[PDB]
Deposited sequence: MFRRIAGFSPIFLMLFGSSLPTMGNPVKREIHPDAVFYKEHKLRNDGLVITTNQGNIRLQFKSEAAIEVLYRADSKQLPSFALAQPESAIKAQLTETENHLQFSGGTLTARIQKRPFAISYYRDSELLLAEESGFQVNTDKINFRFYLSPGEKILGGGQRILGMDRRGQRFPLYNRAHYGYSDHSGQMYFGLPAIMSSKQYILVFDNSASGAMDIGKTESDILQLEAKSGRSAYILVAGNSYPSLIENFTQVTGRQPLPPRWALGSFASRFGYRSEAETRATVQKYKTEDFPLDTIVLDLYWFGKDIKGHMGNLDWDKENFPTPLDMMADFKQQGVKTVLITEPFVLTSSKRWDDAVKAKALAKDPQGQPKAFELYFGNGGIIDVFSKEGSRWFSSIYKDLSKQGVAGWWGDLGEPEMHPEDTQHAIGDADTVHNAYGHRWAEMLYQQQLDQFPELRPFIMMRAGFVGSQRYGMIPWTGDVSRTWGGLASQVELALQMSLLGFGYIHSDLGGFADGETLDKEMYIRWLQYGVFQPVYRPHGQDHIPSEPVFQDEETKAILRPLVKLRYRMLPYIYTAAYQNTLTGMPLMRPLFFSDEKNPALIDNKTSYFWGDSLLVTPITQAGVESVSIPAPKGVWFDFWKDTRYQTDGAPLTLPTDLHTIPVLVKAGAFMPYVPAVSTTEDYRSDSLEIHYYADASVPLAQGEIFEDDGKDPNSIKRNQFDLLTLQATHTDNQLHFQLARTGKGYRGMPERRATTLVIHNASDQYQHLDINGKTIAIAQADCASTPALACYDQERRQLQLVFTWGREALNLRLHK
């Protein structure tokens, strides 16, 4: 039995006293509220909040049986007897406590009939997780395929079809029961840790996500090289092998930005060396030269690191001396049996551990390391009696990787304030994106099932803050011989998901350059396409930094009033304009694409489709996967380069997909130096905008640029605008009022300013796009 006794509004937080203790309510924004139970006691701080101490001005109103604590859009309705809080956006009930807070810690909420619930982070259970129960305990799931209730990167958070996000702001071993045990009850449980939750509301899914990232953190724009081709395997055994792989990309003519070194860089065996955190000079004899030589070819070097320091490693004595490792209750360094050997864990929650670990990253970065890979951050093994500075293993578990990213992010920004950190990790917490965390979906099997699960995983993570979630392309775990068709499909999908990083255990090659001729003939133009598409992808990344909008969006964004779409885990949007349907089984001869109502074009073949709702059936081929372009799309391209270090936009090629059904369309292209972490905040960019206005007798484009520009920005770009499905009735073109004839033949064989290709229904305009506004008007 719990009931209201009294409250105090100051400041600007509401502090309620019940017969069972204090509860603190604070708005972190007009759309998000933090609710802290046991507010009177010492607890771990928030991890989910970017500004935990925030509390914006809200209004409090009182009635006989209720209190109301209201922000701009979100309202908390506090029922006095019995005590229960419920949350409203406008006058719409979003979520209501049932028993609310109990005591172990326990939160119980009602679920509404028909309410669909995404969330929990990485699970393979179906997009709607209602009817499921699972632990909140980051844990490896080696070789997973088509099912998992628990893997590397869980999130103690859900997104509802009612368009709210609920966060359990607790870092401890726990569980989530989404109407499994009791049909109408959502239950959150933890063995210890912070007793708080955060509710965020929105009026649309994009707004919800914008509001969520506003209070949990926005991802800083990654370096542009993060969008390029990575060479990776587990693992290059030597400097010679590493150099030979960089060379193979050059001689096979595949783009390459970054080569990634797994654990052999610090030891010749898988076991026994972890913690050395320094070069194995027997096998990597001249690493500074190696990294400098790669830099000369525009190629970055990334090294793997782990939380564990083995007692057999060269740094054990020093880590103990430094007090860098987590301790046992007795006060000794805690050592335990990992796969790799007996060892301890670096206490990133401590001053000593952070300083010690950070110094090592600084040293290696100074030697030439450009980016960082942190593996096993669950932590993969984490005995319950391990003691960190701020609590035992079970209490801090799901925040270890989160703090590790914060430590590394701060370290990198301190060392290189003019560069954007690259931090790729396996496990984090709500908000880890604010430290630039780029997660991957762990040690996936080399099976079709492993591939078929990746869209579900990516969308689940993307919706709750992680735009750069991706997979080991081609599959990672076990296998005895390459499944060629699977590999090809995986690397094709790879082009249209956030990070292009094929990676697998090295008894089977993961890099595309080591594949057979047919495989390379298929993949080479696609890896090149990835680079040609950089303006499209980098612009989506820019939007992700601005608003949290994920690069991969679920089908359900297309119709927010159709909750059934939430179940779709087979087609997704890559940016605004491409509907992608990966092939995830062998021998598939055709696909049924649930394209939203409207006009769509085959990305590969230019075929125009129109639909009022019924799905579209497309045949498959081995060299592509099915991708449809939304009518009204501006698809921007630059010439392929081998490395983003050579990126130039002096030449732009833009394809506009015209249809009268889209009378107004807009496109944008974000350009900056690809590297300045402050480019957005300081307006050091060149933002290109395109607007199409399509009427019965005219099609006109308005082109403009804003921003203060940047060093090396082109003043004038040669631009080729290719209008697909263009009318054969346009007689003339005006550019800023100057009338120009449209040629009707030989468009590919003359340097024509404007030409219509009747066989392709494409109208091509070639012009100079300078700093002043440009208007191009086509008229019948």
property: Segments lacking C-alpha coordinates (deposited sequence numbering, starting at 1); result: 1-34, 138-140
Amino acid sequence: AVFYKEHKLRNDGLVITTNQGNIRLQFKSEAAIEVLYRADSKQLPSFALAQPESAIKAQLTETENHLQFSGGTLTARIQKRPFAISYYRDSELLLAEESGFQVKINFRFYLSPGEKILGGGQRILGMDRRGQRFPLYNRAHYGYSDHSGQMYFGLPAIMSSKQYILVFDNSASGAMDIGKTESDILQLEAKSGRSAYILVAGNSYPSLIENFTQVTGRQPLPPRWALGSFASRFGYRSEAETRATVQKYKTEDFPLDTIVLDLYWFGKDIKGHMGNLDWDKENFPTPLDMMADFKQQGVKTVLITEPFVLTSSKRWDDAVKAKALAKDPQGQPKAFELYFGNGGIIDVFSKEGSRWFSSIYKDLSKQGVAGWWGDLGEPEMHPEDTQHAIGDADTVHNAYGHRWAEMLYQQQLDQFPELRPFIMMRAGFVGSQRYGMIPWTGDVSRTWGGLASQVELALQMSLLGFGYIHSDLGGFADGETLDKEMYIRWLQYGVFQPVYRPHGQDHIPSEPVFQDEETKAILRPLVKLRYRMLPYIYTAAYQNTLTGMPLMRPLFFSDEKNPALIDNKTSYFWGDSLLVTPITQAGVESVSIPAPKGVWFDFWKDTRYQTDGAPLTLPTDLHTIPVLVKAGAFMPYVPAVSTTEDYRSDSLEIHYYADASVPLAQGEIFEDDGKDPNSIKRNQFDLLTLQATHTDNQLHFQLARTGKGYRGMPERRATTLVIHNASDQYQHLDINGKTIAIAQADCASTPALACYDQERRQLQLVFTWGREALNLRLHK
From here on, numbers count along this sequence of modelled residues.
| property | result |
| --- | --- |
| Entry-level comparison of average CA B-factors, 519-527 and 178-186, reporting the higher stretch | 178-186 |
| Of 62-70 and 47-55, the stretch whose C-alpha atoms average the higher B-factor in the entry | 62-70 |
| Most elevated Cα B-factor in the entry, residues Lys561, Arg139, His147, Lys250 | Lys561 |
| Of the residues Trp404, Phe514, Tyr164, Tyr493, the one carrying the largest Cα B-factor as recorded | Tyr164 |
| Ranked against its chain, the third holding the CA B-factor of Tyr88 | highest |
| Cα B factor band for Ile740 (lowest, middle or highest third within the chain) | highest |
| Lowest, middle or highest third - CA B-factor, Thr768 | lowest |
| Third of the chain's Cα B-factor distribution that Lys597 belongs to, per the entry | highest |
| Chain-relative CA temperature factor third for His779 | middle |
